[PDB]
Ligand code: HEC
């Protein structure tokens, strides 16, 4: 709809790999490709070369999309209308590798607006918001080491508010939601599995990935509210037409979010287990966890 790239191809979060070995054999080859693309020389000089690097990468990548899913018996209309509302199409194929394409696609969508018209988001919140991609792809490239944070160029100050540019950031922002939700769902399932199997190094890396993905979602919720408050201001005009409403998420029941909170639940005993074995991630995660829950205010309706 010229506000976001549609359809946004995405995997079924239920089919996501569940253990650190199944994740690596499935996604580490395509993720490491994407990591090499987003850190090739010159790509981090400014925000412009980062967008060009994002496009060269996903262009070079052999697309894995085996078409739309279609007849899905596990999908409800509460999931479908929620998927339609933001142009999401569930796509057949390597679900983990699709998450790599969705990440590269959603990031490029965020980078277009910030190159033409900058961003009034704080330079500290801007970092964790983009670093969530570096976290996801860096960890997907090597699910057994904590991802090391790379440099993220700044954004210019917010230029002239173009018509419904806060709507472009509202739809393009919700794609980052489902991208980062699936990723954080992985690192929790791997943390749960590694903990039960006595994989202490694997538990540490998965927790580190989940935390940087949680901090990356907090910055995604600030970016969302920045565009929703700017939306609330854009509607003081009395409109003789029926006032077209911004697409909203219909309650907690969007698919990737349903999976992530189920993963987060029942992962309780693993976080306490990491804290006992001398880890420092259990503390800084609960920080990012509460920071993210607070950041729903101003973004989610039923909230
Ligand atoms: C509106 C729909 C949203 C959107 C845009 C996001 N979340 Fe979620 N979330 C939502 C609700 C209604 C609730 C329950 C609130 C309550 O019961 O008081 C939640 C809860 C969470 C949680 C807590 C999980 C738990 O307590 O076990 C987390 C961690 C969470 N939500 C994460 C999250 C992230 C990372 C989002 C951006 C991708 C996000 N939410 C968006 C509803 C909504």
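All residue numbers here begin at 1 and follow the chain in the order shown.
Including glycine, each Cβ sits where the backbone N, Cα and C put it.
Annotated in Swiss-Prot:
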type	residues	note
BINDING	296, 297, 298, 299, 300	heme binding site
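What Swiss-Prot annotates, mapped onto the structure for a quick look.
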residue	record	Cβ contacts under 8 Å, 6 or more apart
296	heme binding site	221, 303
297	heme binding site	225, 303
298	heme binding site	224, 225, 228, 229
299	heme binding site	221, 224, 225, 228
300	heme binding site	249
Env. residues of heme site, Cβ within 8 Å of mean position of 296, 297, 298, 299, 300 Cβ:
221, 224, 225, 295, 303
Measuring Cβ to any atom of ligand 1 with a strict under-6 Å cutoff, which of the binding-site residues 297, 298, 300 qualify?
300
Residue 296 (heme binding site) in three-state DSSP notation
coil
